[PDB]
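# All I have is the shape, not the residue letters:
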Ligand code: NA
C-alpha cells in the first residue's frame, strides 16, 4: 500500500489514475476500507466515463479530468475520522478484472 500524509484541518489528495481510460467503457469509485469483491464499500464518490455522478457529500471531489483517467480523490478539511484505508476501484468491462488499489491516509497536526 502507498501511504499519504496530510495535515488535520487541511485537504488531502489520494492518488489514483488509469492511463488507458475510456469514456465509453470505464467508470470508477472511491470507498472506505479495502477494495471488496465488487464496487466500493462505504462509497464516497463515483464517476461514469466523463463525470462525478454520485458523492457522499461536498467533502469529496475529483480535481483532475475524469475522461483522462485522473481520478485522484481530494478530501477537504480533514479530521481524525478520515484517517485509514481507502479503496480506488477502476471499473473495467467484464468480471473479476477491475483495477483495485488500497491507499492508507495518515493525518498529523502542524
Ligand atoms: Na470488471
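Structure's in. What do you need? Numbering: from 1, shown residues only.
# Kindly state the beta-bridge partners for the spatially most central residue of the chain.
Within the chain, one residue has its C-alpha closest to the average C-alpha position: by C-alpha atoms, centre = their mean, that is residue 30, at 3.5 Å. Taking DSSP bridges, one finds residue 45, residue 88 as the beta-bridge partners of residue 30.
# Pretty sure it sits against residue 91.
No. In this structure, residue 30 sits apart from residue 91 without contact. The criterion is C-beta atoms under 8 Å, and the distance is 11.9 Å. Every C-beta, even on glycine, is put in place using the N, C-alpha and C of the backbone.
# Quick check: longest strand in this structure by residues?
In terms of residue count, the longest strand belonging to the chain (DSSP state E) is strand 99-108.
# list the buried ones in stretch 54-70?
If you call a residue buried by 16 or more other C-beta atoms under 10 Å, then stretch 54-70 has these buried ones: 55, 59, 60, 61, 62, 64, 66, 69, 70.
# Quick check: closest non-adjacent residue to the second one.
Among residues not flanking residue 59 along the chain, residue 76 sits closest, at 5.2 Å (C-beta to C-beta, 6 or more residues apart in numbering).
# and residue 65, what are its phi and psi?
phi -90, psi 110 (degrees, to the nearest 10).
# what's the answer for residue 80, then?
The phi and psi values for residue 80, taken as degrees, to the nearest 10, are phi -60, psi -30.
# Could you double-check that it sits in contact with residue 107?
Yes. If you go by C-beta under 8 Å, residue 80 and residue 107 touch, sitting 6.7 Å apart.
# joint contacts of these two?
The contact sets of residue 80 and residue 107 overlap at residue 8 (C-beta atoms under 8 Å, 6 or more residues apart in numbering).
# So which other helices or strands are in contact with the helix or strand encompassing residue 4?
Secondary-structure assignment from DSSP states H and E places residue 4 in strand 2-7. Strand 2-7 is packed against strand 12-14, strand 99-108, with contacts defined by 3 or more C-beta pairs under 8 Å, 6 or more residues apart in numbering; DSSP states H and E.
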